[PDB]
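Worth knowing before you read on, the calculation uses all heavy atoms, side chains too, and leaves out hydrogens, waters and symmetry mates. In what follows, chains carry the letters A, B, and so on, assigned in the order in which the sequence lines appear, proteins first and then strands, with residues in each chain numbered from 1.
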Amino acid sequence: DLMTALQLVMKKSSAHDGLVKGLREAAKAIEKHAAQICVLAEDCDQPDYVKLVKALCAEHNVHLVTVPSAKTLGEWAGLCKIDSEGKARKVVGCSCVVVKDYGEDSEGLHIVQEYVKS
RNA sequence: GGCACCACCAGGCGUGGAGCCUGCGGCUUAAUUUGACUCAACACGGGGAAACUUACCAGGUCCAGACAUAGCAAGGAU
Ligand SMILES: [K+]
Ligand SMILES: [K+]
Ligand SMILES: [Mg+2]
Ligand SMILES: [Mg+2]
Ligand SMILES: [Mg+2]
Ligand SMILES: [Mg+2]
């Protein structure tokens with residue numbers, strides 16, 4: 001009902017557009033004062049990656065959600081083809097999905113917004 | 001046996017001779033793009049081309065290769 005189940009709000013955000021995926025863009029999505037959430041994937045090897053993104057998110061004030069399995073981070077962020085119902089997706093691995101603008105369908109967003117508050 | 005000035009007769013104006021214009025052949029050319037050769041090809045392609053036309057020659061670009069499949073890929077395909 002929270003955290004993991006809140007991939008749906010980001011489904012709606014991807015539908016309505018607003019997922020600024022990837023670090024190169026993540027940063028830009030931040031400094032452009034348009035970042036709202038910043039799911040991350042601890043699977044990333046390069047420590048400077050996580051240090052730098054946390055530094056940028058600390059510079060502004062938006063949010064940081066951690067989630068494991070960067071492959072699943074690619075899955076949630078649309079970094080894949082829907083394929084069949086079983087979804088044999090050749091998934092691309094993501095490590096930052098800035099929800100610039102954010103899906104405006106609300107719902108779980110409010111609940112994750114609570115987790116966002118804390 | 002007929003018919004017809006795209007035949008002749010009686011003629012008129014001509015062309016064929018000259019200069020030039022233009023089309024065709026040939027030659028030359030990097031290419032001198034090419035179709036058409038008795039009437040029924042040859043100022044014909046409505047073709048009087050500076051560029052475009054343009055099909056030719058010498059070069060330079062670009063993809064305006066949908067779609068399907070498989071890969072590469074947000075630590076970036078492009
Ligand atoms: K004459
Ligand atoms: K003629
Ligand atoms: Mg006569
Ligand atoms: Mg003459
Ligand atoms: Mg020309
Ligand atoms: Mg030319």
Does B/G46 sit syn or anti, given that only angles within 90° of 0 count as syn? syn
Which heavy atom of A/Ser13 sits nearest a heavy atom of A/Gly103, and at what distance? OG-N, 2.5 Å
Pseudorotation half of B/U54 (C1'-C2'-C3'-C4': positive north, negative south): south
Taking the same atom, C1', in B/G48 and in B/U53, what whole-Å distance lies between them? 14 Å
If we take the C1' atom in both B/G14 and B/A40, what is their distance in whole Å? 24 Å
Does B/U32 sit syn or anti, given that only angles within 90° of 0 count as syn? syn
Looking only at atom P, what distance separates B/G46 and B/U54, rounded to whole Å? 11 Å
Taking only the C1' atom of each, what is the distance from B/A74 to B/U69 in whole angstrom? 24 Å
Syn or anti: how is B/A66 classified when any glycosidic angle within 90° of 0 counts as syn? anti
What is the distance from CG of A/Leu52 to P of B/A74, rounded to the nearest Å? 17 Å
When rounded to the nearest Å, what value does the distance between P atoms of B/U32 and B/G26 take? 12 Å
Please state yes or no: are the six-membered rings of B/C8 and B/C9 less than 5.5 angstrom apart at their centres, with planes tilted under 30 degrees? yes
Stacking between B/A41 and B/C42, judged by six-membered ring centres under 5.5 Å and planes under 30°? yes
Judged by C1'-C2'-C3'-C4' (positive north, negative south), is the sugar of B/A64 north or south? south
Among A/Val65, A/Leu40, A/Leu73, which residue meets the side chain to side chain contact (heavy atoms under 4.5 Å, CB included) test with A/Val97? A/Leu73
Say you pick atom P in B/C27 and the same atom in B/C21; how far apart are they, in whole Å? 23 Å
Can you tell whether B/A64 is stacked with B/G65, judging only by whether their six-membered base rings have centres under 5.5 Å apart and planes under 30 degrees? no
Based on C1'-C2'-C3'-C4', put the sugar of B/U32 on the north side (positive) or the south side (negative). south
Is any side-chain heavy atom of A/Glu104 closer than 4.5 Å to one of A/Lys12? no
Please give, in whole Å, the distance from B/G75 P to A/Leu23 CG? 7 Å
Candidate list A/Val98, A/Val99, A/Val116, test side chain to side chain contact (heavy atoms under 4.5 Å, CB included), partner A/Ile37, passing option: A/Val99
Do neighbours B/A55 and B/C56 have base six-rings closer than 5.5 Å at the centres and tilted less than 30° apart? no
To the nearest angstrom, how far is A/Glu25 atom CD from B/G75 atom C1'? 14 Å
Using a 3.5 Å distance criterion without hydrogens, assess whether the side chain of A/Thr72 forms a donor-acceptor pair with backbone atoms of A/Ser69. yes
Examine the six-membered rings in the bases of B/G16 and B/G17 and report whether their centres are under 5.5 angstrom apart and their planes under 30 degrees. no
Decide, for B/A64, between syn and anti: a glycosidic angle within 90° of 0 counts as syn, anything else as anti. syn
Using the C1' atoms only, state how far B/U38 lies from B/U33, rounded to an integer number of Å. 28 Å
Taken to the nearest whole Å, CZ/A/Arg24 to P/B/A77 is 13 Å
Would you sort out whether A/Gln113 and A/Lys117 count as a side chain to side chain contact (heavy atoms under 4.5 Å, CB included), showing the intermediate values? CA-CA 6 Å; A/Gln113 170 51 38; A/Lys117 293 179 179 179; 3.4 Å; yes
Please give me the minimum heavy-atom distance between A/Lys81 and A/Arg89, naming the atom from each residue. O-CB, 3.3 Å
Atom pair CG/CH2 of A/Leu8 and A/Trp76 - distance to nearest 0.5 Å: 10.0 Å
Rounded to whole Å, how long is the line connecting atom NZ of A/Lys71 with atom P of B/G75? 13 Å
Given atom CG of A/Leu40 and atom P of B/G75, what is their separation to the nearest angstrom? 11 Å
From the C1'-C2'-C3'-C4' angle alone, say whether B/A43 leans north (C3'-endo side) or south (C2'-endo side). south
Between A/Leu19 and A/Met10, is there a side-chain heavy-atom distance shorter than 4.5 Å? yes
Based on whether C1'-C2'-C3'-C4' is positive or negative, which pucker family does B/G47 belong to? south
A/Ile30 versus A/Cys38, closest heavy-atom pair with distance: CD1-SG, 3.9 Å
Syn or anti for B/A73, please, going by whether the chi angle lies within 90° of 0. syn
Could you tell me the separation between the NZ atom of A/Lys21 and the P atom of B/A77, rounded to a whole number of Å? 16 Å
Measuring only the P atom in each nucleotide, how far is B/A64 from B/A50? A whole number of Å is fine. 34 Å
Contacts under 3.5 Å, N or O only, protein and nucleotides 70-73 of chain B:
residue, atom, partner, partner atom, Å
B/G71, OP2, A/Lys90, NZ, 2.4

Please classify the nucleic acid contact of A/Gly93 as base, sugar-phosphate, or nothing, using heavy-atom distances under 4.0 Å. sugar-phosphate
